[PDB]
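Enquirer: Mind looking over this structure? Questions follow.
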Amino acid sequence: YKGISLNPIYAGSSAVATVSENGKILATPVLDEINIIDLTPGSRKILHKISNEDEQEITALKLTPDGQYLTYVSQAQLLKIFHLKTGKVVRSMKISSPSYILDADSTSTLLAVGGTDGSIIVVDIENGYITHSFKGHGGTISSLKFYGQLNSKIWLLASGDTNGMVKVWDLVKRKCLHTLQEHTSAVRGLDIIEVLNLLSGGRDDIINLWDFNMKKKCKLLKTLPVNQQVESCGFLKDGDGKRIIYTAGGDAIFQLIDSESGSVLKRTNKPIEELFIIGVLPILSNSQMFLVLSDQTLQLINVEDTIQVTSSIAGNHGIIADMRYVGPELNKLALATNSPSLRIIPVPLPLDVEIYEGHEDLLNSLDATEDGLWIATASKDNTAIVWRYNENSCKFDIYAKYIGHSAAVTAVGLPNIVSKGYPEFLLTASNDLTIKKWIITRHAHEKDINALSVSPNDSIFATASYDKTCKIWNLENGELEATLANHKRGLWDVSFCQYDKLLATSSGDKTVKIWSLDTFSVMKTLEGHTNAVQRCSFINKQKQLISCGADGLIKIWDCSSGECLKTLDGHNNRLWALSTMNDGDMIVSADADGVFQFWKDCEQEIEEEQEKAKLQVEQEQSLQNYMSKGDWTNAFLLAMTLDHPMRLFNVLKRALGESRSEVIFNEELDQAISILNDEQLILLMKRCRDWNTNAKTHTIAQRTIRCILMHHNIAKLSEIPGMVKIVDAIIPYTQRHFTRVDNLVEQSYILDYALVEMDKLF
Amino acid sequence: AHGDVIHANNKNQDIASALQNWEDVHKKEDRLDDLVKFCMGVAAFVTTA
Amino acid sequence: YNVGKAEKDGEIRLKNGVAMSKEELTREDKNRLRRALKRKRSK
RNA sequence: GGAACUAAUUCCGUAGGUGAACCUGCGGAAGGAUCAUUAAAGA
């Protein structure tokens with residue numbers, strides 16, 4: 001299968017991603033690595049991932065308005081500078097006490113770092129040296145803000161401590177001008193308003209205006225009381241003279257507030273999910289604001305009663321409860337995750353997410369109707385809801401909701417749907433034992449339930465448990481067709497198959513079984529997993545069934561054979577769930593890890609082996625045609641490709657015999673020796689090494705060495721790996737044959753002696 | 001000592017001027033190698049047989 | 001350098017240096033070679 | 001099943017026992033092999 005791995009762009013350690021003034025380019029960190037994905041309309045690509053150290057974690061990372069360089073801080077007290085153009089770390093240095101806050105100005109020349117201890121050092125972006133070091137206030141530094149003009153003789157740096165103290169350090173003056181402990185809590189966000197007034201975000205709730213000057217005079221112009229934590233704030237030019245400060249809060253409600261009055265012109269959202277926006281990266285000139293949410297998602301909001309997000313990009317899905325395909329197109333896969341919302345992701349680089357949050361419960365189960373549209377959600381919260389699956393437009397609804405029962409909805413399964421697209425009923429179950437079938441309560445099994453699945457005829461249904469039993473009850477009435485006998489220690493999944501007509505069972509031990517309606521008993525028994533099976537997905541061709549497993553590996557087998565066909569080992573630490581594309585077999589694998597992957601069945605690879613097996617049988621008959629009649633150049637090559645030594649040696653027998661009137665063999669054969677590969681000069685000389693052993697195959701070896709020496713550059717022959725050890729065996733046999741041939745010349749002058757004593761007689 | 005050197009700088013016209021002047025001289029002194037084998041092969045044939 | 005049996009299954013190398021592939025053999029030559037390696041292994 | 005081809009430790013009292021060549025819980029006994037260091041209110 002052509003499995004494609006999927007990874008999360010924003011994950012692990014909390015940090016603020018750095019984006020450039022232009023929409024394109026973005027930086028996110030997952031564990032040790034940092035992933036940079038350029039942002040362009042219609043194209044998403046990841047430039048590169050920095051390996052760094054897997055053991056180390058990333059406290060924070062920063063990108064300049066123009067993305068020339070990427071700056072990140074490791075867990076160890078050192079600073080690593082990365083150059084975007086060459087993808088190489090130009091400089092690295094120790095920042096002593098680690099500083100989470102890094103501030104970059106529009107110009108990339110100056111970068112500010114805040115230590116854990118509260119000591120702040122300013123480092124030039126271009127050269128890895130510290131222009132100056134400030135002892136600063138004796139507290140952790142919450143944030144710093146730089147002020148600059150493309151060309152100016154005045155530069156102002158503002159630093160915010162954990163306590164409500166703001167020091168406006170002046171770089172040219174090298175003095176701390178001002179102290180403003182108006183704030184009673186650490187200042188999380190500082191924004192320097194254009195001329196001079198200083199706006200400081202207050203962690204406690206107070207957002208405080210200030211007057212800044214080179215001279216001592218400074219005063220508090222205004223104080224704004226907002227009912228949210230000020231995570232970050234900024235000044236927006238839009239709205240002219242009445243600039244509306246941009247405020248980010250713990251509740252995640254973005255607020256634009258009049259300057260002249262404390263009233264809020266417009267609030268972009270309130271979100272049902274209980275998340276806080278860690279920090280906001282705003283282009284400002286482009287009037288685009290990026291909000292990093294506490295549910296690990298990024299929302300793009302334009303700046304002009306409720307702010308409307310232009311698009312939503314989800315950096316990482318922490319956990320996928322289950323994988324179920326939804327929609328007519330089938331491009332987007334509905335995601336069941338540990339959150340109180342439903343996320344719809346498109347199927348093919350950052351991926352945008354459609355998100356629906358019908359209930360507060362993290363989704364604990366999910367299901368979609370086979371003919372296209374509907375989606376149904378099972379959650380920890382007792383409420384169970386049905387979702388409107390339109391494929392046309394961006395419209396989505398959740399019209400039906402079900403009161404039911406006082407425990408979490410373990411799983412929602414709908415046997416059937418009517419031809420108008422309305423579900424007939426919902427069977428659903430719990431952490432307790434109270435198992436219910438609501439149309440639009442039964443009990444089964446003393447402990448928590450695990451899975452619910454259905455047959456295309458609505459006749460039969462089955463459900464599974466931790467106390468080891470599977471129950472098959474009538475769908476129409478309130479009747480019990482039977483009970484399955486038991487599995488070894490707890491049944492994680494139950495799956496019906498259309499062609500076979502079987503009920504498969506996954507377990508909490510490493511065994512899978514196949515169960516029958518007719519006898520209520522085990523048809524087949526499987527083994528050779530490590531941990532626990534978790535989910536079993538039906539296969540499109542109804543033969544090659546797919547089981548997942550809580551040891552990170554997925555495996556494929558046929559019920560009729562009973563034997564393992566294939567194993568897939570491409571995921572990291574776990575597996576939880578599995579999806580199959582209905583129309584064409586594509587196995588889609590879902591885990592505790594934030595990686596994801598799409599696999600596919602590939603008869604096509606057999607046709608590669610068919611053409612390879614055909615090619616030999618094709619070329620042997622040419623070879624035996626060449627071995628009939630000559631054309632020994634082609635008889636050499638097809639021997640050299642398919643490695644028949646005795647048929648190759650017969651060519652070099654005949655090639656010497658035909659070469660009886662520097663050219664050592666046939667001339668076109670000599671050109672064929674010149675084009676021999678490095679793997680072929682090993683194999684030819686190795687066969688030539690064998691031929692040098694006995695004196696009958698002797699000279700046929702020696703003429704083949706003479707070509708390779710006469711028709712190659714000999715600097716290759718030392719480069720070639722393992723070729724020297726072949727030369728160790730060739731040489732002392734040649735010296736042995738050298739005396740042996742020369743001694744036949746020494747005996748040969750008896751013929752010279754038989755002339756001289758004879759010609760004297762004459 | 002220098003067979004590494006004169007091999008890599010083979011077919012220089014200055015070195016091979018000397019080496020052809022070597023081989024034009026060195027060919028004449030095969031006449032003992034054609035003399036020893038007669039001196040060997042007879043004396044082995046005479047004393048044994 | 002002793003001549004040795006080749007690492008690939010598709011070839012057979014004899015003790016004298018006459019290498020034989022498994023694919024250029026005839027079935028009657030396949031017979032004698034298995035019969036020859038029978039009596040040396042048996043001995 | 002048929003017929004081809006290719007490939008190649010001991011003991012005592014007491015109580016109980018269904019994996020009891022006997023064991024186990026509670027309390028006793030030795031009739032069982034003591035090396036080493038040792039003033040530190042050395043106020």
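In the structure tokens, chains take the letters A, B, ... in the order shown, each chain's residues start at 1, and ligands count up from 1 in the order shown.
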Considering only C-alpha atoms (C1' of nucleotides), give me a table of residues in chain D that are at most 10 Å from chain C, with the closest atom pair and distance in Å for each, as a Markdown table.
Expert:
| residue | atom | partner | partner_atom | distance |
| --- | --- | --- | --- | --- |
| D:6 | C1' | C:27 | CA | 9.5 |
| D:7 | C1' | C:27 | CA | 9.6 |
| D:8 | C1' | C:34 | CA | 8.9 |
Enquirer: Sorted by chain and rising residue number, list the residues of chain A at most 9 Å from chain C (counting only C-alpha atoms), each with its closest atom pair and distance in Å to one decimal, as a tab-separated table.
Expert:
residue	atom	partner	partner_atom	distance
A:620	CA	C:24	CA	8.6
A:642	CA	C:23	CA	9.0
A:643	CA	C:21	CA	7.0
A:644	CA	C:21	CA	5.2
A:645	CA	C:19	CA	5.3
A:646	CA	C:20	CA	5.7
A:647	CA	C:24	CA	7.7
A:649	CA	C:18	CA	8.7
A:687	CA	C:19	CA	7.9
A:689	CA	C:17	CA	8.4
A:690	CA	C:17	CA	4.6
A:691	CA	C:17	CA	5.7
A:692	CA	C:17	CA	8.2
A:693	CA	C:17	CA	6.9
A:694	CA	C:16	CA	6.8
A:697	CA	C:17	CA	8.7
A:726	CA	C:1	CA	8.4
A:728	CA	C:1	CA	7.9
A:729	CA	C:1	CA	5.3
A:730	CA	C:1	CA	8.6
Enquirer: If you run DSSP on this backbone, which residues of chain C come out as alpha helix (DSSP H), and could you give them as number ranges by chain?
Expert: C: 27-42
Enquirer: Which of stretch 539-582 of chain A end up as strand (DSSP E or B) when DSSP is run on this backbone - answer as an MDAnalysis selection string?
Expert: chainID A and resid 544:547 554:558 564:568 577:580
Enquirer: Need the shell around residue B:37: protein/DNA/RNA residues with any atom at most 8 Å away, counting only C-alpha atoms (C1' of nucleotides). Skip same-chain ones fewer than 3 positions apart. Format as number ranges by chain?
Expert: A: 746, 749; B: 33-34, 40-41
Enquirer: Please write the residues from the selection above to a file, keeping C-alpha atoms, as a short mmCIF file (atom, residue, chain, number, x, y, z; two decimals), in the first residue's frame.
Expert:
data_model
loop_
_atom_site.label_atom_id
_atom_site.label_comp_id
_atom_site.auth_asym_id
_atom_site.auth_seq_id
_atom_site.Cartn_x
_atom_site.Cartn_y
_atom_site.Cartn_z
CA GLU A 746 63.03 -22.62 -21.07
CA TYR A 749 65.00 -24.31 -26.77
CA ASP B 33 68.17 -13.57 -21.09
CA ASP B 34 68.28 -15.39 -24.42
CA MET B 40 70.25 -23.49 -18.20
CA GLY B 41 68.25 -25.85 -20.36
#
Enquirer: Each residue of chain A lying at most 9 Å from chain B should get a row with its shortest atom-to-atom pair and the distance in Å to one decimal, counting only C-alpha atoms; could you produce that, ordered by chain and increasing number, as a Markdown table?
Expert:
| residue | atom | partner | partner_atom | distance |
| --- | --- | --- | --- | --- |
| A:745 | CA | B:37 | CA | 8.4 |
| A:746 | CA | B:37 | CA | 5.6 |
| A:747 | CA | B:41 | CA | 6.3 |
| A:748 | CA | B:41 | CA | 8.7 |
| A:749 | CA | B:38 | CA | 6.7 |
| A:750 | CA | B:41 | CA | 7.5 |
| A:752 | CA | B:38 | CA | 8.6 |
| A:753 | CA | B:42 | CA | 7.9 |
